[PDB]
Amino acid sequence: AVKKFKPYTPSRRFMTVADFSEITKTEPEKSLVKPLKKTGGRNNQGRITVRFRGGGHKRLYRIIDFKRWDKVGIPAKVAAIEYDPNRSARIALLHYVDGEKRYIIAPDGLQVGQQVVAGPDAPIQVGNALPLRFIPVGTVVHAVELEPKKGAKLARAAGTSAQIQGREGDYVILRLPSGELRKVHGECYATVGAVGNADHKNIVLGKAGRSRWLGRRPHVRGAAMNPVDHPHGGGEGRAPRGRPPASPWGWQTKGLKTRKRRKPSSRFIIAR
Amino acid sequence: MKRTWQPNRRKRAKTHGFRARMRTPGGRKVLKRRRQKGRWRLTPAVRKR
RNA sequence: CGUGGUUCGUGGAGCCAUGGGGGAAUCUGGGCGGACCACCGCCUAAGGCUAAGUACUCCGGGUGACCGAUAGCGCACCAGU
RNA sequence: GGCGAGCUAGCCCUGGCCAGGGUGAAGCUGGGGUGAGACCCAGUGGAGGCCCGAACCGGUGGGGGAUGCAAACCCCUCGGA
RNA sequence: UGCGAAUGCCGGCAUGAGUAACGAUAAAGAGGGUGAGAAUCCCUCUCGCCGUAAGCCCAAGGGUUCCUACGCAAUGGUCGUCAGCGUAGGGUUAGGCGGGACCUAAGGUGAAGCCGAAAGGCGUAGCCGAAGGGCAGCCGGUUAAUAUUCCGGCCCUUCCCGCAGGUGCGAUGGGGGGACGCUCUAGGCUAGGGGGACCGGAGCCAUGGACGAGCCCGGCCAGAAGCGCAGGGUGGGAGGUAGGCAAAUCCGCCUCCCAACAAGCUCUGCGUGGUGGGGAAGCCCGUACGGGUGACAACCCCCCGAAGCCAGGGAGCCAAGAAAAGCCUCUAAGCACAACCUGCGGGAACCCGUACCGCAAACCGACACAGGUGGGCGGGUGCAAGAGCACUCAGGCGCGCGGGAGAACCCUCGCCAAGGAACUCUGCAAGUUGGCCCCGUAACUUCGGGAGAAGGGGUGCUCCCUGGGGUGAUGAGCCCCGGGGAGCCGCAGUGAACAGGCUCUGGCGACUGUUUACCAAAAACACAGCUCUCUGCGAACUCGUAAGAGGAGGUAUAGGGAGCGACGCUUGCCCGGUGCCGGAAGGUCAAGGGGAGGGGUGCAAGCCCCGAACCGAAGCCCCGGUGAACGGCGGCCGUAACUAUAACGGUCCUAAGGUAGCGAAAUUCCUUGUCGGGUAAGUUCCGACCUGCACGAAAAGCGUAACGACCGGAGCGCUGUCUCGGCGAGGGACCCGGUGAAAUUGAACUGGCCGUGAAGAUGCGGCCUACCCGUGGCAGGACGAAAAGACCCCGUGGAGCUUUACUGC
RNA sequence: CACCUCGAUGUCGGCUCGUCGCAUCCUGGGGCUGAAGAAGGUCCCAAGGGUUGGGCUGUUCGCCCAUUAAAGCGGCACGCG
RNA sequence: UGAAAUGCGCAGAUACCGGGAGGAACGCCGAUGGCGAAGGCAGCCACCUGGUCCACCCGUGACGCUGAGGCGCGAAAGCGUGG
RNA sequence: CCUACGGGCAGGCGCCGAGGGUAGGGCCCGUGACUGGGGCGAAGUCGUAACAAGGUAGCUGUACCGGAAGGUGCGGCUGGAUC
RNA sequence: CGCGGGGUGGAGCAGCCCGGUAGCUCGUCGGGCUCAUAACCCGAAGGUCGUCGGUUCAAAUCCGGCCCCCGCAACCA
RNA sequence: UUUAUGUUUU
Ligand SMILES: NC[C@@H]1O[C@H](O[C@H]2[C@@H](O)[C@H](O[C@@H]3[C@@H](O)[C@H](N)C[C@H](N)[C@H]3O[C@H]3O[C@H](CO)[C@@H](O)[C@H](O)[C@H]3N)O[C@@H]2CO)[C@H](N)[C@@H](O)[C@@H]1O
Ligand SMILES: [Mg+2]
Ligand SMILES: [Mg+2]
Ligand SMILES: [Mg+2]
Ligand SMILES: [Mg+2]
Ligand SMILES: [Mg+2]
Ligand SMILES: [Mg+2]
Ligand SMILES: [Mg+2]
Ligand SMILES: [Mg+2]
Ligand SMILES: [Mg+2]
Ligand SMILES: [Mg+2]
Ligand SMILES: [Mg+2]
Ligand SMILES: [Mg+2]
Ligand SMILES: [Mg+2]
Ligand SMILES: [Mg+2]
Ligand SMILES: [Mg+2]
Ligand SMILES: [Mg+2]
Ligand SMILES: [Mg+2]
Ligand SMILES: [Mg+2]
Ligand SMILES: [Mg+2]
Ligand SMILES: [Mg+2]
Ligand SMILES: [Mg+2]
Ligand SMILES: [Mg+2]
Ligand SMILES: [Mg+2]
Ligand SMILES: [Mg+2]
Ligand SMILES: [Mg+2]
Ligand SMILES: [Mg+2]
Ligand SMILES: [Mg+2]
Ligand SMILES: [Mg+2]
Ligand SMILES: [Mg+2]
Ligand SMILES: [Mg+2]
Ligand SMILES: [Mg+2]
Ligand SMILES: [Mg+2]
Ligand SMILES: [Mg+2]
Ligand SMILES: [Mg+2]
Ligand SMILES: [Mg+2]
Ligand SMILES: [Mg+2]
Ligand SMILES: [Mg+2]
Ligand SMILES: [Mg+2]
Ligand SMILES: [Mg+2]
Ligand SMILES: [Mg+2]
Ligand SMILES: [Mg+2]
Ligand SMILES: [Mg+2]
Ligand SMILES: [Mg+2]
Ligand SMILES: [Mg+2]
Ligand SMILES: [Mg+2]
Ligand SMILES: [Mg+2]
Ligand SMILES: [Mg+2]
Ligand SMILES: [Mg+2]
Ligand SMILES: [Mg+2]
Ligand SMILES: [Mg+2]
Ligand SMILES: [Mg+2]
Ligand SMILES: [Mg+2]
Ligand SMILES: [Mg+2]
Ligand SMILES: [Mg+2]
Ligand SMILES: [Mg+2]
Ligand SMILES: [Mg+2]
Ligand SMILES: [Mg+2]
Ligand SMILES: [Mg+2]
Ligand SMILES: [Mg+2]
Ligand SMILES: [Mg+2]
Ligand SMILES: [Mg+2]
Ligand SMILES: [Mg+2]
Ligand SMILES: [Mg+2]
Ligand SMILES: [Mg+2]
Ligand SMILES: [Mg+2]
Ligand SMILES: [Mg+2]
Ligand SMILES: [Mg+2]
Ligand SMILES: [Mg+2]
Ligand SMILES: [Mg+2]
Ligand SMILES: [Mg+2]
Ligand SMILES: [Mg+2]
Ligand SMILES: [Mg+2]
Ligand SMILES: [Mg+2]
Ligand SMILES: [Mg+2]
Ligand SMILES: [Mg+2]
Ligand SMILES: [Mg+2]
Ligand SMILES: [Mg+2]
Ligand SMILES: [Mg+2]
Ligand SMILES: [Mg+2]
Ligand SMILES: [Mg+2]
Ligand SMILES: [Mg+2]
Ligand SMILES: [Mg+2]
Ligand SMILES: [Mg+2]
Ligand SMILES: [Mg+2]
Ligand SMILES: [Mg+2]
Ligand SMILES: [Mg+2]
Ligand SMILES: [Mg+2]
Ligand SMILES: [Mg+2]
Ligand SMILES: [Mg+2]
Ligand SMILES: [Mg+2]
Ligand SMILES: [Mg+2]
Ligand SMILES: [Mg+2]
Ligand SMILES: [Mg+2]
Ligand SMILES: [Mg+2]
Ligand SMILES: [Mg+2]
Ligand SMILES: [Mg+2]
Ligand SMILES: [Mg+2]
Ligand SMILES: [Mg+2]
Ligand SMILES: [Mg+2]
Ligand SMILES: [Mg+2]
Ligand SMILES: [Mg+2]
Ligand SMILES: [Mg+2]
Ligand SMILES: [Mg+2]
Ligand SMILES: [Mg+2]
Ligand SMILES: [Mg+2]
Ligand SMILES: [Mg+2]
Ligand SMILES: [Mg+2]
Ligand SMILES: [Mg+2]
Ligand SMILES: [Mg+2]
Ligand SMILES: [Mg+2]
Ligand SMILES: [Mg+2]
Ligand SMILES: [Mg+2]
Ligand SMILES: [Mg+2]
Ligand SMILES: [Mg+2]
Ligand SMILES: [Mg+2]
Ligand SMILES: [Mg+2]
Ligand SMILES: [Mg+2]
Ligand SMILES: [Mg+2]
Ligand SMILES: [Mg+2]
Ligand SMILES: [Mg+2]
Ligand SMILES: [Mg+2]
Ligand SMILES: [Mg+2]
Ligand SMILES: [Mg+2]
Ligand SMILES: [Mg+2]
Ligand SMILES: [Mg+2]
Ligand SMILES: [Mg+2]
Ligand SMILES: [Mg+2]
Ligand SMILES: [Mg+2]
Ligand SMILES: [Mg+2]
Ligand SMILES: [Mg+2]
Ligand SMILES: [Mg+2]
Ligand SMILES: [Mg+2]
Ligand SMILES: [Mg+2]
Ligand SMILES: [Mg+2]
Ligand SMILES: [Mg+2]
Ligand SMILES: [Mg+2]
Ligand SMILES: [Mg+2]
Ligand SMILES: [Mg+2]
Ligand SMILES: [Mg+2]
Ligand SMILES: [Mg+2]
Ligand SMILES: [Mg+2]
Ligand SMILES: [Mg+2]
Ligand SMILES: [Mg+2]
Ligand SMILES: [Mg+2]
Ligand SMILES: [Mg+2]
Ligand SMILES: [Mg+2]
Ligand SMILES: [Mg+2]
Ligand SMILES: [Mg+2]
Ligand SMILES: [Mg+2]
Ligand SMILES: [Mg+2]
Ligand SMILES: [Mg+2]
Ligand SMILES: [Mg+2]
Ligand SMILES: [Mg+2]
Ligand SMILES: [Mg+2]
Ligand SMILES: [Mg+2]
Ligand SMILES: [Mg+2]
Ligand SMILES: [Mg+2]
Ligand SMILES: [Mg+2]
Ligand SMILES: [Mg+2]
Ligand SMILES: [Mg+2]
Ligand SMILES: [Mg+2]
Ligand SMILES: [Mg+2]
Ligand SMILES: [Mg+2]
Ligand SMILES: [Mg+2]
Ligand SMILES: [Mg+2]
Ligand SMILES: [Mg+2]
Ligand SMILES: [Mg+2]
Ligand SMILES: [Mg+2]
Ligand SMILES: [Mg+2]
Ligand SMILES: [Mg+2]
Ligand SMILES: [Mg+2]
Ligand SMILES: [Mg+2]
Ligand SMILES: [Mg+2]
Ligand SMILES: [Mg+2]
Ligand SMILES: [Mg+2]
Ligand SMILES: [Mg+2]
Ligand SMILES: [Mg+2]
Ligand SMILES: [Mg+2]
Ligand SMILES: [Mg+2]
Ligand SMILES: [Mg+2]
Ligand SMILES: [Mg+2]
Ligand SMILES: [Mg+2]
Ligand SMILES: [Mg+2]
Ligand SMILES: [Mg+2]
Ligand SMILES: [Mg+2]
Ligand SMILES: [Mg+2]
Ligand SMILES: [Mg+2]
Ligand SMILES: [Mg+2]
Ligand SMILES: [Mg+2]
Ligand SMILES: [Mg+2]
Ligand SMILES: [Mg+2]
Ligand SMILES: [Mg+2]
Ligand SMILES: [Mg+2]
Ligand SMILES: [Mg+2]
Ligand SMILES: [Mg+2]
Ligand SMILES: [Mg+2]
Ligand SMILES: [Mg+2]
Ligand SMILES: [Mg+2]
Ligand SMILES: [Mg+2]
Ligand SMILES: [Mg+2]
Ligand SMILES: [Mg+2]
Ligand SMILES: [Mg+2]
Ligand SMILES: [Mg+2]
Ligand SMILES: [Mg+2]
Ligand SMILES: [Mg+2]
């Protein structure tokens, strides 16, 4: 669902919040596996390399399992579903029969107390991981490896997913959450299901502050600047751009393509 | 109203101190310059303990 | 091929050096005498060392058609205070 | 070529501070309502870049000060809290 | 090598001038003392001022300022016998407080490693790094000056050694734990406070009365074990085991079995506790203070009561809230006549800090500067509460020039007949309003608001009756909330202090918020939210020569860039140009390949040069697409059976000729457009029209409740704003004593008029007027002062910025 | 026009305070009248004094309301920061 | 298409074959038929589920009809959020 | 003051009270720059939507567009001519 | 009076550079189709080129003056 | 597959 609020202040009026009923007991997270401490800095060494960041709630890092082949054939029970502040998705805490503990990014529908496992063995029901080669064409799956053993990279975002479109040689063809068609090696793990908590896209920060809590500091338009600061600075009386719309550093920000032209990657693609 | 000097003994040593001068080659040169002029103090005097 | 050095700012541009590419020979070998060619000459690259004559004045000394306390060093005096 | 973020701006780690009033969201419990509901009413509850207002943070209008008490201050007033 | 000028440079001394000032308007008076000298030093008494401080205790920073003796040249805004000043002497005592022989944070540094012309930059571990974690001292007494430091009492820590008892002992390694948010909170306590008819106590009865259950003062502090009341923390067995980078008997997971409760086991807080310690007023002394007694002091009941403690308590919420060591456990080597554990005993416990100032005369501000500076304590009464306000304890102060006088004028205040915005750019300013309780409250609305709407009533004291709550008992007291009735007094009862004036109607911005430190707080920025665009992850993008890093330990519901800016209803047409996007052709196109063919020189083999076809990228050309990409979105002429006007037509151009909706507007030049409304009267304001100089749709269009120290218009209220001033107060001004500046200054023996003059004369001409010198006053002149005009030009001066200027990176 | 002034001659309007000119707005005295009277017109003399309060706009100025004997024009660095 | 033109196509179209992607609608059966209160409902399968008819003459005993308000359904277009 | 005085009267205070005042609401009527459409008025303008298949069958709810009638999309009705 | 563009049958546009002839759509007139009008078809008429002067052999055209028209400019002050 | 229209009153 989602939480709305009576307008008992302005901005409590438009504010929408996450529906946390999905979250099995939680409140304190799980030390041991996670958290580590999160070094919370907004710049590289010395200097700001990404604008308008900083502030926002102190945040512990749950350390999550992106290589499932790590324990093949060992099953595990889903102990809890918890809130993880470092991602849009939610994490499942799962107890292996080894008595080993891992967090997994929690797929849609995976429910507490269900057996989960990974390997080529791998029942094709939800929350299970397999090399892509053994997942049946047409199945919707998440947390893909882009190259084998390198760890899950694709479709980790709240409610994201990828479909398996076909197979070619040792590679299989995915349609990624973006709509790009990509070949990915067969030996790459993935995990059946979509990511879940897809209502994520519909929350409404509601007010200046809520954007601060998330570590997001005010973003100022070139238009509002001086020409020293930006292509769009100056003139005032406001102004149209007066040139092709640009970034602070001068490149065109409407339409100009970016991806490096000659890229080895380039040969495994096929879409938008 | 709050002025520019807000002395803090730890700052002063950590900033203009003898050891801080010796890391930076820029600083080793200050010491060299100061020493050659025969300044009685190569480094701001600081104190306590 | 790209540059530097020389008086040489591409110039007829050699010489010396060399970032890149190709890439030898050992006296009947190789470099040079200002593009190149012939002739005639000079010299032996791709290892190293080498006093003296030369430069300077923190330091000591001797001199002054040098100053003489607003001068002469910033400081003749407990001043790089 | 150095020296500066002991002022100021942003951020990072770690601590601290916000009298006292006011309004009374959700949710709960009960009651009614219905096929079941939506829902309505109470009571409880105690949310909010909510309200009033000290500390604290400000610097709105005016007056004064103008070789000042002050190289930005003082009084009255006012904004957040 | 000769100085008069350079707003020259260095110095000295003048001018203003005995002029301004002497630094908060909290405030002083007298008596005595000291002394060469006293408003200023000491002491007494009276008066005033702080008291969520202007009192007290920490931390910074300061670094002798501390205490005492002797001093007054200078410093002190006057004086000084005094001092934070001169001289000298003293003064800072810790196993337990802080910090270090502990830990880790950001960050720093950095074996390995990586990178860089050199300098150097990165960087895992490690190391450094604290107001965080960890760790054992409480009360009182002593000094002129230190005290959790010395002393006294009560109490603990670690290390070493030794005994006794116990156990597989053993770690930098495994595991537990340390360990964590915000808001709101429960129960019990403690600090703290108020009362007492009770206990203790010097004394006191005035001035009309009171010998009284009178007045006045005080009725505690710390304390091991044990004990009690609170509360925190924890399940206990067994079997399996493949995980916790070795190994675990530990932790983890699975299955059984007991408990489910704090029961227990603990650990804290509080109480009590052997004992130790304090202990008023007043009076007597002596100060320069402290000391005697009060005393064998008393030492108790009740109430209020934390934001503090039990603490890792609980509940709710989303934005989801350090680490490491100490600590416990597990095992590994090893070693097990070791070791470790517990108890007792003896010994052993180092380095630094410790004075004083610390909201300020001792710190930052050149100053004994009305500024600035973090944490804790901060009593009492009343006022709804409170840290607010008034008075006030403790404690601390009267601010380091005084005395008079009673002018103008200024500042800061108080009052005002009648009027009541007539003032003015404007109600600027100041008035009004003002707390609580109750009654009562409209448009509109996003149903929350708008609301403190508006507008009213009440408000003190007295006696009587009376309902609940907390402690106590189910009671008395003492607290706490009230309710009803009858009276009393004044002009007035939140009797002083703190404490909104209100309404209507536009513009801009949705809102809280942000900003030009020191002339702009806004309609500017930001903001949730909408769109576009980039980006498949060694992402784009940013910083860096690099290594590396941020992005992100993120992954398209994510991240960068850009516009727009809640929300509502919407956002039209043009792709010709520019940009971007697509385009396996074609045109052009550099090096390079290629060498038809030519040239130099040789006897020649040759060496050496040019060099046409042709094959050669991107880019440009070229073809398409694209508007929430840069952007653009017409002209003339005619036409209706009154006239007007033109639904209609003609023609010229264009890539397309502006849709809706707005419109004399934050836009309208003409302009105070015209009409309506408000007003006695309206260049503004409100509503219309549309002839829009020169609106128009995400440099958004048009609206919108709420919000606003924004900007406009109007009314009520009420006023010294004003007609139009008056009086009054205090700080100055003025006179006297003390101290005593400043810019400015060619020199001066420095008048008016009409002329003249480089065109605005004290300075020249003519005339006029005029004894010498001051003091308080006003500003017309000295083209008064200040700043080598910021405007303007000029200089082949400079700088920031722009681009389809040039040229480069 | 570019003469003093760019090592500074502060610039509109208001307010306060005036002072002066007369080419007189009122009041006093006059001639002429197409002056019956009353009331005007027009010129002459005359600068003694007087010359209102509001609405609008920053405005000067104008327009307007209500009055008046009248609501005068100018100069004084568009008098006077 | 009336005829055409715009458009598309030598940058290799149309026509043809193979492969893939995606969305929408269900030919024949199909009827002048069936179901539903209505709006409406059409490939196939499964699950959940409404109405309705017939046979038997077994059970209740008038428990019925209609129905202002109320409540629910309601083609197409249209609106909000996401696809 | 009068008494036939445990009284009456004058007089004083109080409740309520016509109304007046202040403040804010609700209903109705009149009127208003301007503005919207409507009715009606022999022979003005533009077109031709409808009536015959109306020369695109018509109508319809809705949506968008356009000087005007109207046009077009979606679904619906036959109140559609035609072999 | 600053700079730029313009004035051509009845309307709207060409033609002007570079000389010599004035062209397009509409409108007008005559005739057709029609019962009739318009549409439609076949024919025709109509301009000294704002104006005066100049240049040339010849001027809508090149040049100068004046009259009108449209657009832009009027800044620091 | 080119068409539109027919002044008012009897
Ligand atoms: N009642 C007529 C309503 O309005 C319109 O009708 C109005 C107009 O359309 C109509 O105007 C007509 C016009 O159509 C027609 N083509 C020309 C005719 N002369 C006009 O007539 C009109 O104008 C003249 C004045 O000259 C009047 O005298 C005459 O009465 C009047 N109807 O006159 C009507 C006013 O009465 C609609 N046609 C009609 O459907 C609607 O119901
Ligand atoms: Mg670093
Ligand atoms: Mg650094
Ligand atoms: Mg979102
Ligand atoms: Mg922004
Ligand atoms: Mg700007
Ligand atoms: Mg900059
Ligand atoms: Mg720029
Ligand atoms: Mg710009
Ligand atoms: Mg502008
Ligand atoms: Mg501050
Ligand atoms: Mg300084
Ligand atoms: Mg420090
Ligand atoms: Mg610091
Ligand atoms: Mg020395
Ligand atoms: Mg060279
Ligand atoms: Mg050259
Ligand atoms: Mg040459
Ligand atoms: Mg050369
Ligand atoms: Mg040679
Ligand atoms: Mg060479
Ligand atoms: Mg080479
Ligand atoms: Mg040889
Ligand atoms: Mg040679
Ligand atoms: Mg030669
Ligand atoms: Mg060569
Ligand atoms: Mg040689
Ligand atoms: Mg020497
Ligand atoms: Mg001499
Ligand atoms: Mg000297
Ligand atoms: Mg000297
Ligand atoms: Mg001398
Ligand atoms: Mg020397
Ligand atoms: Mg010197
Ligand atoms: Mg010396
Ligand atoms: Mg530098
Ligand atoms: Mg700083
Ligand atoms: Mg800021
Ligand atoms: Mg506090
Ligand atoms: Mg119920
Ligand atoms: Mg608030
Ligand atoms: Mg407030
Ligand atoms: Mg202010
Ligand atoms: Mg101000
Ligand atoms: Mg002022
Ligand atoms: Mg002044
Ligand atoms: Mg001299
Ligand atoms: Mg001279
Ligand atoms: Mg001189
Ligand atoms: Mg004087
Ligand atoms: Mg004086
Ligand atoms: Mg004085
Ligand atoms: Mg005396
Ligand atoms: Mg004596
Ligand atoms: Mg005295
Ligand atoms: Mg200190
Ligand atoms: Mg000293
Ligand atoms: Mg002292
Ligand atoms: Mg002295
Ligand atoms: Mg003295
Ligand atoms: Mg003195
Ligand atoms: Mg002083
Ligand atoms: Mg003395
Ligand atoms: Mg001393
Ligand atoms: Mg001790
Ligand atoms: Mg201490
Ligand atoms: Mg310690
Ligand atoms: Mg040691
Ligand atoms: Mg450490
Ligand atoms: Mg480093
Ligand atoms: Mg290094
Ligand atoms: Mg510490
Ligand atoms: Mg600590
Ligand atoms: Mg300690
Ligand atoms: Mg103790
Ligand atoms: Mg003590
Ligand atoms: Mg905690
Ligand atoms: Mg409590
Ligand atoms: Mg007491
Ligand atoms: Mg007596
Ligand atoms: Mg007695
Ligand atoms: Mg006590
Ligand atoms: Mg076992
Ligand atoms: Mg193991
Ligand atoms: Mg609190
Ligand atoms: Mg606690
Ligand atoms: Mg808790
Ligand atoms: Mg360690
Ligand atoms: Mg063990
Ligand atoms: Mg062993
Ligand atoms: Mg001490
Ligand atoms: Mg102190
Ligand atoms: Mg202070
Ligand atoms: Mg303090
Ligand atoms: Mg001070
Ligand atoms: Mg002091
Ligand atoms: Mg002082
Ligand atoms: Mg000071
Ligand atoms: Mg403070
Ligand atoms: Mg109060
Ligand atoms: Mg308190
Ligand atoms: Mg106070
Ligand atoms: Mg006192
Ligand atoms: Mg003083
Ligand atoms: Mg009075
Ligand atoms: Mg008055
Ligand atoms: Mg009034
Ligand atoms: Mg106003
Ligand atoms: Mg103003
Ligand atoms: Mg005001
Ligand atoms: Mg009420
Ligand atoms: Mg309300
Ligand atoms: Mg009220
Ligand atoms: Mg009252
Ligand atoms: Mg009273
Ligand atoms: Mg009770
Ligand atoms: Mg009462
Ligand atoms: Mg009061
Ligand atoms: Mg008040
Ligand atoms: Mg108030
Ligand atoms: Mg705002
Ligand atoms: Mg605000
Ligand atoms: Mg400012
Ligand atoms: Mg500034
Ligand atoms: Mg200001
Ligand atoms: Mg503001
Ligand atoms: Mg300001
Ligand atoms: Mg960097
Ligand atoms: Mg780079
Ligand atoms: Mg990199
Ligand atoms: Mg990275
Ligand atoms: Mg990361
Ligand atoms: Mg904007
Ligand atoms: Mg648009
Ligand atoms: Mg359009
Ligand atoms: Mg169009
Ligand atoms: Mg275009
Ligand atoms: Mg195009
Ligand atoms: Mg284009
Ligand atoms: Mg071809
Ligand atoms: Mg090509
Ligand atoms: Mg070539
Ligand atoms: Mg070649
Ligand atoms: Mg190409
Ligand atoms: Mg193409
Ligand atoms: Mg354009
Ligand atoms: Mg007509
Ligand atoms: Mg007619
Ligand atoms: Mg037309
Ligand atoms: Mg108007
Ligand atoms: Mg405009
Ligand atoms: Mg205005
Ligand atoms: Mg208006
Ligand atoms: Mg326009
Ligand atoms: Mg605009
Ligand atoms: Mg736009
Ligand atoms: Mg906007
Ligand atoms: Mg608007
Ligand atoms: Mg504001
Ligand atoms: Mg006054
Ligand atoms: Mg006075
Ligand atoms: Mg003259
Ligand atoms: Mg003169
Ligand atoms: Mg003369
Ligand atoms: Mg004199
Ligand atoms: Mg005088
Ligand atoms: Mg003067
Ligand atoms: Mg001057
Ligand atoms: Mg100058
Ligand atoms: Mg210049
Ligand atoms: Mg230049
Ligand atoms: Mg001149
Ligand atoms: Mg001068
Ligand atoms: Mg006269
Ligand atoms: Mg005259
Ligand atoms: Mg007269
Ligand atoms: Mg007469
Ligand atoms: Mg005004
Ligand atoms: Mg005017
Ligand atoms: Mg003038
Ligand atoms: Mg003037
Ligand atoms: Mg003025
Ligand atoms: Mg073709
Ligand atoms: Mg049927
Ligand atoms: Mg039907
Ligand atoms: Mg069925
Ligand atoms: Mg039967
Ligand atoms: Mg029966
Ligand atoms: Mg009814
Ligand atoms: Mg429907
Ligand atoms: Mg539909
Ligand atoms: Mg009544
Ligand atoms: Mg028709
Ligand atoms: Mg039709
Ligand atoms: Mg037709
Ligand atoms: Mg039809
Ligand atoms: Mg029909
Ligand atoms: Mg329309
Ligand atoms: Mg039209
Ligand atoms: Mg139907
Ligand atoms: Mg033309
Ligand atoms: Mg032409
Ligand atoms: Mg001619
Ligand atoms: Mg300019
Ligand atoms: Mg017609
Ligand atoms: Mg007819």
# chains A, B, ... in the order shown; residues from 1 in each chain; ligands from 1

$ residues_near_ligand --ligand "ligand 6" --cutoff "8 Å" --atoms "only C-alpha atoms (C1' of nucleotides) and all ligand atoms" --output "PyMOL selection string"
(chain A and resi 224-226+233-236) or (chain E and resi 524)

$ write_last_selection --atoms "C-alpha atoms (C1' of nucleotides)" --output "PDB file, in the first residue's frame"
ATOM      1  CA  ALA A 224      20.058  31.053 -10.960  1.00  0.00           C
ATOM      2  CA  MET A 225      23.831  31.443 -11.160  1.00  0.00           C
ATOM      3  CA  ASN A 226      26.312  33.985 -12.526  1.00  0.00           C
ATOM      4  CA  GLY A 233      24.431  32.137 -15.361  1.00  0.00           C
ATOM      5  CA  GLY A 234      23.727  35.848 -15.947  1.00  0.00           C
ATOM      6  CA  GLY A 235      21.523  38.398 -17.729  1.00  0.00           C
ATOM      7  CA  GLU A 236      18.989  38.510 -15.262  1.00  0.00           C
TER       8      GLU A 236
ATOM      9  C1'   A E 524      15.338  36.765  -5.550  1.00  0.00           C
TER      10        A E 524
END

$ residues_around --residues "residue 68 of chain A" --least-positions-apart "5" --cutoff "10 Å" --atoms "only C-alpha atoms (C1' of nucleotides)" --output "list in words"
residues 102, 104, 117, 118, 119, 128, 129, 130, 131, 143, 149, 151, 152, 189, 190 and 191 of chain A

$ residues_around --residues "segment 28-39 of chain H" --least-positions-apart "6" --cutoff "9 Å" --atoms "only C-alpha atoms (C1' of nucleotides)" --output "PyMOL selection string"
chain E and resi 675-677+687-689

$ residues_around --residues "residue 436 of chain E" --least-positions-apart "5" --cutoff "9 Å" --atoms "only C-alpha atoms (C1' of nucleotides)" --output "list in words"
residues 384, 459 and 494 of chain E

$ residues_around --residues "segment 258-264 of chain A" --least-positions-apart "6" --cutoff "12 Å" --atoms "only C-alpha atoms (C1' of nucleotides)" --output "PyMOL selection string"
(chain A and resi 251-252+272) or (chain E and resi 533-541+560-561)
